[PDB]
Amino acid sequence: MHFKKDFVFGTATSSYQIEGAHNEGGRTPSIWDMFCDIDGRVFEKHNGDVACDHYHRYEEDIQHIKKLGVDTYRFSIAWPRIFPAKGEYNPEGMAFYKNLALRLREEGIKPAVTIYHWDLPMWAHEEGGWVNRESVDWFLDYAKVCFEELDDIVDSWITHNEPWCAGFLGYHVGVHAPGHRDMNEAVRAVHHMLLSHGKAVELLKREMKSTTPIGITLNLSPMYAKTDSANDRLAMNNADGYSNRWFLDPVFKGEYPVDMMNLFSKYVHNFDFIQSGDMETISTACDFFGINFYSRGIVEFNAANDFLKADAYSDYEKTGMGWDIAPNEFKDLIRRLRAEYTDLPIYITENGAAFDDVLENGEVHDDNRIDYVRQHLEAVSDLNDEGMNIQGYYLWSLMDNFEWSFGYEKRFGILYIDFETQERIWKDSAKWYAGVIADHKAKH
Amino acid sequence: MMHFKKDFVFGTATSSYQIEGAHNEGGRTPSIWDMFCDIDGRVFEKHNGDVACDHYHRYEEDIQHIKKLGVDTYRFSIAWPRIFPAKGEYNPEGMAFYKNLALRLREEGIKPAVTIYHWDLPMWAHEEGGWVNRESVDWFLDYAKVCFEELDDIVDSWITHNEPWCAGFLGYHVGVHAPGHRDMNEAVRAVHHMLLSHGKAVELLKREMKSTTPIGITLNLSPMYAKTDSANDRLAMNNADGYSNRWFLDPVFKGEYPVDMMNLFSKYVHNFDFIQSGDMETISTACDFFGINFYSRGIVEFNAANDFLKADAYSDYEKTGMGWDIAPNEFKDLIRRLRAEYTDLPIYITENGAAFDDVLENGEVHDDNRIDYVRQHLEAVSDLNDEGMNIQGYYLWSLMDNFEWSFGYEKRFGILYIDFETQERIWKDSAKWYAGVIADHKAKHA
Amino acid sequence: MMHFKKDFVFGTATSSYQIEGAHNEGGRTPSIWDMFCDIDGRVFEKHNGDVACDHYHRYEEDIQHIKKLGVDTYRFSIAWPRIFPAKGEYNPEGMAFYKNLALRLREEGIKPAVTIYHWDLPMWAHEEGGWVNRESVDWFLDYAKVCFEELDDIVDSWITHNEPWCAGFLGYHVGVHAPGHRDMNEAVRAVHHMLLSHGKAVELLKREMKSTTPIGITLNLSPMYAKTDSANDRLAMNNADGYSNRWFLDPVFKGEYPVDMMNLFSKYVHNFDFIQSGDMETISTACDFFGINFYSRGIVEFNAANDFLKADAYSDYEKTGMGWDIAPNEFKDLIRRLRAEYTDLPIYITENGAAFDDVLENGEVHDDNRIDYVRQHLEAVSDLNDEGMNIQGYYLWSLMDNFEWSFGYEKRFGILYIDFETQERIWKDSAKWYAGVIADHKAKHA
Amino acid sequence: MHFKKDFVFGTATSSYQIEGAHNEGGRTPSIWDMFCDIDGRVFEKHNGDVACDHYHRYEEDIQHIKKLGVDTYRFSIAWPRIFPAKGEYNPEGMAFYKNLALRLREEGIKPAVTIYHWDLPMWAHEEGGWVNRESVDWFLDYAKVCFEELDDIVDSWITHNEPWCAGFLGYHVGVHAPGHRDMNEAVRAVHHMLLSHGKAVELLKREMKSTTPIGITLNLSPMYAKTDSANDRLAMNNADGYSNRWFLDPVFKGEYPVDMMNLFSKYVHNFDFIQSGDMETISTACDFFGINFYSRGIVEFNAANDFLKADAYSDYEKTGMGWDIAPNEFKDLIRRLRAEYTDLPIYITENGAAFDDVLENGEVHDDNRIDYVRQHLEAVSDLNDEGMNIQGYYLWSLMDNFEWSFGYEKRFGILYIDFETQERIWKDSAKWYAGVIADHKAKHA
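Protein chains in written order, with the working numbering: chain C, 143 to 586; chain A, 246 to 691; chain L, 246 to 691; chain G, 460 to 904.
Here's what the structure looks like:
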């Protein structure tokens, strides 16, 4: 439990989930705005018009952050505010983020900035979106202005959050925005996201001559086989390939996994979207590696499935989301990354869980939630003792927010939010986390 | 508004594993569904049909309930593992129960409609490969013969198979029902043998046994509709229609499999040698009636990421507690289509009904929502017979709240509420209504 | 024994790139085939249409040969890169050649039948995507528009496309023809845009321009037969028939694609959004005739390892030098089928002929083998017209020995032998005989 | 042209290609008999009824082998001679082989024996052939009787020859016997061939405690991309996996390549034929590794192929078969096997070429065939200098023979054969190969 003095505690949010003010400050609609209006996609047509109203109440949320004592606050910049039209910079929107990052340092908080957290402007989407290769140049223009204006203030940069979500989860299964269901589109989308990542890192480090730490965050879910039979092992491999290896291998090994390419060849009949001079750029050296972790997945074989797999039954204890609680399996995942992929310092940029919390006499007794977080904080200590060099942990999420396709029915926040009144109320969960940070900063 | 002719049959329906229980007595061995209920993650909270509605012991009581409805027909199924608990070994104690039942129904002036196969395949047959094995055709005729020999005099009508789409594709391809396999190659062979076993049994009964007792198959049919007028959605609907409907309708009425589905299934099914010479002519053997299980429609749209190029589409319709669309208009389209494209045989609706979140209050469940549902479809039936569509009967699914398969006891389709802890039956709202509907219909006639 | 009706047209046929030569003369720019010849392994020993039959210069010479055959009609194609060597840049020099050609034939008493597209797509269109691109519809109308304005008065009949299966599937799927791509997704759009451009070109001439010149399309057709009577081989035939024939026949006459083929192609093609609203109605626009190119049948069997489930089966038929089956009985089968299911338009056999190992000896060529082939088919045509199949005409492929695409100059289809060194035209026995067949028919007339 | 002092030169044949005597000595028909009779499968319905008539002329061919001075002669055993019926051993059949092995030893020639060379008996095929898992147990019954009676005489054992041909080429493409076209049957056949290999090896090394060298021979063809684009490399990977890694990985790594499994999943929708313990048995340690090498294949990408390849155009000098002459790429392949796969001793169990041989005055002067073999032997010589440890080399083929689907139209032999006289005539190349052996032995002191 003895975290090193340089160890960083944090909390995290994303712009569309909390900001609101959807038509104010020059903001134009995003892909998610249009997704919310597509039928059958989101719980009861819920949207991010208002959300946590963070764009107006940003100063107030900073106050909450100071008392927790977190070293770092991770937030995302809303693209359709910065470029509501192509090539058209909106200074009111950037102004909001510049003061905010400056203000966090004044209150002694390191700002960690996510460039892309899924909020693609509608103008980009209508030209094909990420499926179009031009999407690469549009993102660097977006990233450049942010670098120009904020690099002196900001502590760390994150290019993309969960390309698996924005790519496959978004363009193949059609659950997230823009809700397309086309595997050919999906692999072109992912590649251009990853390629846009590498060009921006390249741009910042060489041209812009900046030494601000930059890297990517990938969400990783380890996959396990039900039996030792050959069938169940193939399912694991493909599940691991689909969620994890398709992204890790190009980032660290500068190649795509041929086993997944052959499986995807049932839908993807050309890889000419891979131009000469891409995978080396994609695999450009970063200063750190970012990991979003939430759970594992147990898989078994399916003969009727195109990818030969379906989800199997878990008897493990499960959260309100139905996700497995898996701190042991979390420990398994990191050793693999050091052993096979990378020795860079890792930052856990998101972790948390949803349960059905009931407010009783002004307080929420979420002891179930406490257990989940503590078990992972215990794992982080054990792993730094193992030499896994985990220099930080960001708790997802700071506030209860718009939880994508589940809407406001699921609460990941450490701060409860009455979405009717926009009132901020500190949960019982802070009691330990607020105190752990104080306690850690006491031993020195 | 909804009148019917003098020979019109009102009915209600059940299946064997869903209500009987007593899985140990009278020589019964386990079926595929017993083991399936014990497999983790497949059925709601590991629920099973060990006790069920305990209908095996209180069948005489349930007979009185049928009598009081005044219904002309009762449709039930025969449990195979009670009749052949091991390969080749007949158990006359199990048969006597069904012999007594048919006789008791005859004494009370009620027509027994009997389903031979309602998805409860004995384990010994499964362990030899089940419906996947071509010998299965022969097992079922041995099973059917014994039933014919003892019950053909008493019984008014025979049903060979109930919803082979369910017993086949959702069970062998999608893995939701027993035995819970997921293999399209396995799925089409299973279906083929089921349809072939139906036809061989029908051929054996009318030719060799020379019996005139009405016999037929029961298919569930769900008409499919496009979200948009685009070409894509037309492809999607066609394929959805082929998967659920055309794959089963074409062999029964055209003596051929639809080549468009064969081509789509060739992604998983790389040989059709299971279709032997002579088979397709047997499947299309002339029947006395056609049976339809109807519940709802399905709206579908195109999917590039889907192997069959289709996914379920959002419906703005009023929905049941199951989430199923209420679709009496679309029902009429299906029936009109069948006459136009497939058959002019007399149709019987062997299952129709709905599940809603029933609450017990002062010994009563005020399921006006279910009354409305049932009423609209019975109204639709009357309208179609005015068009000459010749729907000669209707069986209401279901008589009792029961084990609803993978949903367990969590979903209630019954007109009777059942406290499974106490086995109490309680008559409510409808059924009196259904009894009143038949009474009102009876009272116009002299 | 033949006997043809008095209004019956006899003809012979060519295509522009196969005979014209003059590849760099008259403002002509390279075509896809020009580019296609210089890729390795695609065409026999790198042969090209640079010189070819040099017909651009000697066209005056060749008109007399055509006149001597006594043919009613001469079919030729127009080279697109001669008419539009650059986008929107009309070349009056290139066109001037073809009006003169057509004018001279009218003076010699010969009907000019003109094919707009015979596979020679200009390179500028290909570099922008070619037929895969929807703009190709628009490019063709500009090309088609200039030709309708200047020639519609002289010409007797118009053929929009020759063998879109070759230009489409052989070119974009199998990679054998120009531009040699191997992509089924690209392939279905290319065919679709070819078929759509046809419908627009027909719509343009008769609606806007109000003209009554007979117009239609030419499809190559090959009837398909199952090796065995098994279910598998029936599927194999269905799928072979669809790839070659129904995919083209159904849109032209039914205004729809065969869903069974769409499902088989869904292993490579995962969206049909290229089919816009209105497209299918344009494709099925009423024509004056239907053209058929016939060469052979194809015997197929089932293959589990084949994506389209078929391979070629061993044939005991008499054979040409190329290995294509000689199938006059099967030719009659195709025509009867067309009248029953598809169309009652007047049919024209726009190409028929054969290739054999022709040697020139002592100034004359005794090609009785080629005669036999043609003889068997001409009797059949007369027989079909007795049955009422209303075949108003026949074109004999070809006139001269020419560039046979990927096979080059190794294969001779001509009734006139060509020494490619001197470019001398020498009449084969078959040309005199065919001329004599017409003469005898004409002498029978009045 | 340097060789180790213990290096073995040799030649090789197979039973159905040379033996003949198709209805003599108790032999029953093989799958290859029926395949030859199916229309359009083999050149002009040719078959192995007479072939080189080696069953009768075994004494003459033994002399020819002794004169070449080859250290080793490799031949295959005809299964339908040994088990003409199910469960019924035929000692008359074994006698033919017993004299041959005994006569070779007398002449100082080491016999290297291939157990399975594609001539599966008809009783087995009609029960499913290699598609049935039982086929594993039949081959062990076949192998056991061979070990008890011949393991004392024989110098080396080869369990299976080219499971790619017998498996994929036979059950997937349809070019070889039994000429089926079903990938599911094919992958089941391959696994059972490989499993039967390993179970037979285990019996020899554990129960019979015998140290006679045993191993498998795979044919390997290295794969090269036409261009350096990403597309053409994926095409290459899949060709490499289909021809090579599908066989090398289970034998040496004890696993199937998941990349190939996914690609084959378009046809193969269950892998329950891989029982537990199977892959463990297959990778049981062998004494050597056999390689049949003939050529490379240059491939490029094609979007309309299921396996993403249709082969690319080659500008290399080519044989009469149309196969590339590729000794440089051969040196790459061996290096690859040492880096990734095995340090076992390597034997080149088949190498050779077909050229349009013209008989002129009791002579067919095949200098072109001499070039081919000499180039490869130099490459063999160059590799041993690197330490690649190639202990031996068998020249294909001893005589002109039945070349399967090509029939008697093609000639791989160093000895020409007039099929109407059945005369064996040596070429200068035969003399040359003999003189190479002579020149090797000659430099000792």
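All residues carry an ideal CB built from backbone N, CA and C; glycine is no exception.
| Asked | Found |
| --- | --- |
| According to DSSP, is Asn326(C) part of a helix, a strand, or is it coil? | helix |
| Against chain A, with Cβ distances strictly below 8 Å, would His656(G) count as a contact? | no |
| Please report how far the alpha carbon of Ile592(A) lies from the alpha carbon of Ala481(A), in whole angstroms. | 28 Å |
| Give the interface partners of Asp731(G) over in chain C, defined as CB-CB distance under 7 Å, in chain order. | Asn373 |
| Checking the sheet assignment: what are the DSSP bridge partners for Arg566(C)? | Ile559(C) |
| Could you list the residues in the segment 733 to 765 of chain G with a C-beta less than 8 Å from some C-beta on chain L, going in chain order? | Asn761, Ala762, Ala763, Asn764, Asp765 |
| So if I threshold CB-CB distances at 7 Å, which residues from the segment 710 to 732 of chain G count as touching chain C? | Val717, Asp718, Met720, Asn721, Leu722, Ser724, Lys725, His728, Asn729, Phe730, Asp731 |
| Would you give the residue range spanned by the alpha helix (DSSP H) that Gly681(A) belongs to? | 677 to 689 |
| Check each residue of the segment 318 to 333 of chain C: if its Cβ is closer than 9 Å to any Cβ of chain G, include it; give the result in chain order. | none |
| When the Cβ atoms of the segment 456 to 467 of chain L are set against those of the segment 782 to 793 of chain G, are three or more pairs found closer than 8 Å? | no |
| Please tell me whether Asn189(C) has its Cβ less than 8 Å away from any Cβ of chain G. | no |
| Given a limit of 8 Å on CB to CB distance, which residues of the segment 615 to 632 of chain G reach chain L? | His631, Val632 |
| How would you write the range of the beta strand (DSSP E) that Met469(A) sits in, first residue to last? | 469 to 471 |
| For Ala331(L), is the classification buried or exposed, using 16 other Cβ atoms within 10 angstroms of its Cβ as the cut-off for buried? | exposed |
| Give the residues from the segment 514 to 546 of chain C that approach chain G closer than 8 Å (Cβ to any Cβ), ordered along the chain. | none |
| Rounded to whole angstroms, what is the Cα-Cα separation between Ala331(C) and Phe498(A)? | 47 Å |
| Near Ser156(C), what residues of its chain come up, given a Cβ to Cβ distance below 6 Å and the 5 sequence neighbours on each side ignored? | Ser218, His259 |
| Output the residue ranges of the alpha helix (DSSP H) runs that lie fully inside the segment 724 to 773 of chain G and measure 4 residues or longer, sorted by chain position. | 737 to 741 |
| Let's test the definition: count the other Cβ atoms within 10 Å of the Cβ of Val359(L) and tell me whether it reaches 16, buried, or not, exposed. | buried |
| Please report the straight-line C-alpha distance between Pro222(C) and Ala550(A), rounded to a whole angstrom. | 29 Å |
| Could you check how far apart the C-beta atoms of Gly653(L) and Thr530(L) are, in whole angstroms? I think they sit under 8 Å. | Not a contact, Cβ separation roughly 37 Å. |
| Just confirm the distance between the C-beta atoms of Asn484(L) and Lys555(L), as a whole number of angstroms; I'd bet it's less than 8 Å. | 6 Å |
| Would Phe497(C) and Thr461(C) qualify as a contact pair, given that the criterion is a beta-carbon distance under 8 Å? | yes |
| At 4 residues or longer, and completely inside the segment 607 to 632 of chain L: list those alpha helix (DSSP H) runs for me, N to C. | 613 to 632 |
| Consider the Cβ of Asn697(G): report whether some Cβ of chain C lies at a distance smaller than 8 Å. | yes |
| So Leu494(L) contacts chain A; which residues on that side make the cut at Cβ distance below 9 Å? | Per Cβ cutoff of 9 Å: no residues; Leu494(L) is ~16 Å from chain A at best. |
| Buried or exposed for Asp499(C), please, with buried defined as at least 16 other CB atoms from any protein chain shown within 10 angstroms of its CB. | buried |
| Do you know whose CA, among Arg665(G), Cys624(G), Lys886(G), lies nearest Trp491(G)'s CA? | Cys624(G) |
| Return yes when the Cβ of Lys673(L) is within less than 8 Å of the Cβ of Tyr662(L), no when it is not. | yes |
| Would you say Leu693(G) reaches chain C, if we count a Cβ-Cβ gap shorter than 8 Å as a contact? | yes |
| Roughly how many angstroms separate the alpha carbons of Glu845(G) and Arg797(G), rounded to a whole number? | 11 Å |
| Going by beta carbon distance, what residues of the same chain come within less than 6 Å of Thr405(A), once the five residues before and after it are set aside? | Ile361, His443, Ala446, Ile462 |
| Hey, out of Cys288(C), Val317(C), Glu471(C), whose CA is closest to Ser363(C)'s CA? | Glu471(C) |
| Suppose you measure from the CA of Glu563(A) to the CA of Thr257(A); what does that come to, to the nearest Å? | 25 Å |
| Is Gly272(L) closer than 8 Å to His300(L) when the C-beta atoms are compared? | no |
| Measure how close the beta-carbons of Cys392(A) and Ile328(A) come, nearest whole angstrom, since I'm counting them as under 8 Å. | 7 Å |
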